[PDB]
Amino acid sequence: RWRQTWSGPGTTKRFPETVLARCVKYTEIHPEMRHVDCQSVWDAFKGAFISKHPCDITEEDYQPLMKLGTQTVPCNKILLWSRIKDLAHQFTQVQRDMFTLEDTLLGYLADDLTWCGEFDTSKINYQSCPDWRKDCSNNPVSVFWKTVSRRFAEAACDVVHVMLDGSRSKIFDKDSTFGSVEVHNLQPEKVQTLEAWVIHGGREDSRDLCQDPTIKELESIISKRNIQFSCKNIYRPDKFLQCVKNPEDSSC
């Protein structure tokens, strides 16, 4: 075919193999997840979207996968991110100072992948998948991130951190998943502070991007959930990672 059904990229080539090698790899490394049967995980994942219309996925469809990938992560060491994941991941790999959702099993399975099924068939669609915007929001990928991120946010306690993309015009964006899901699922009974780290892009002598209007809007949205706000600029993410690695007082 010269024209696809849907507007978005199709299921990642070799998706089921990748998911599968991900899981085996994850649960070999993480002793907490050793009880996990990776074939069961894949079957639960498949079951969420195979033979289902890819615009009528619900969070219930993912319940079996959520149940199998139940994981306790230290609730006080959660790193959220919005838009800017590569630094967040590079940071957590330095000495596990925190945990991003991609450091949980479910997150690690799905990072960077796309996937969908078709209604009248029980195959996987490698040709095209729904775009959240042009097509429908209730698709397999969006509903997955929504359901798993809601649960991750609800488990956070104490000081939760979030890395933001200070090179955007909207450093905090209400309409991102962080802005629309995670932030409204931080629990007032558990979360003491949300501290944002605003990662600069451009050269040298930047503003204190912590006084940005959208950052003020974030502060005020979370206050009005009874959670304190703190914010830090990361002016040079290069030297930040380097200080994280070699905190040795280079000038860190």
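The first residue of the sequence shown is number 1, and the count goes up from there. The term rigid core refers to the maximal set of C-alpha atoms that superpose within 1.5 Å between the two forms.
Do the Cα atoms of 38-46 or of 196-204 sit farther, on average, from the shown structure in 4 other deposited structures of this protein when the rigid core is superposed? The more displaced stretch in 4 other deposited structures of this protein turns out to be 196-204.
Positional deviation of Cα atoms in 4 other deposited structures of this protein after core superposition, greater for 205-213 or 60-68: Higher average C-alpha offset in 4 other deposited structures of this protein goes to 205-213.
Comparing 118-126 with 157-165, which stretch shows the greater average C-alpha B-factor in the deposited entry? Result: 118-126.
Split the chain's modelled residues into thirds by Cα B-factor; is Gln211 in the lowest, middle or highest one? Within its chain, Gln211 is a lowest-third residue by C-alpha B-factor, going by the deposited values.
Ranked by Cα temperature factor within the chain, is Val24 in the lowest third, the middle third or the highest third? As the PDB entry reports it, the C-alpha B-factor of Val24 lands in the lowest third of its chain.
Against its chain's modelled residues, does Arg150's Cα B factor rank lowest, middle or highest third? As the PDB entry reports it, the C-alpha B-factor of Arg150 lands in the highest third of its chain.
Could you look up the Cα B-factor of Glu60 in the entry and say which third of the chain it sits in: lowest, middle or highest? Highest third of the chain for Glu60's C-alpha B-factor.
Among the modelled residues of this chain, does the Cα B factor of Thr193 put it in the lowest, middle or highest third? Within its chain, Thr193 is a lowest-third residue by C-alpha B-factor, going by the deposited values.
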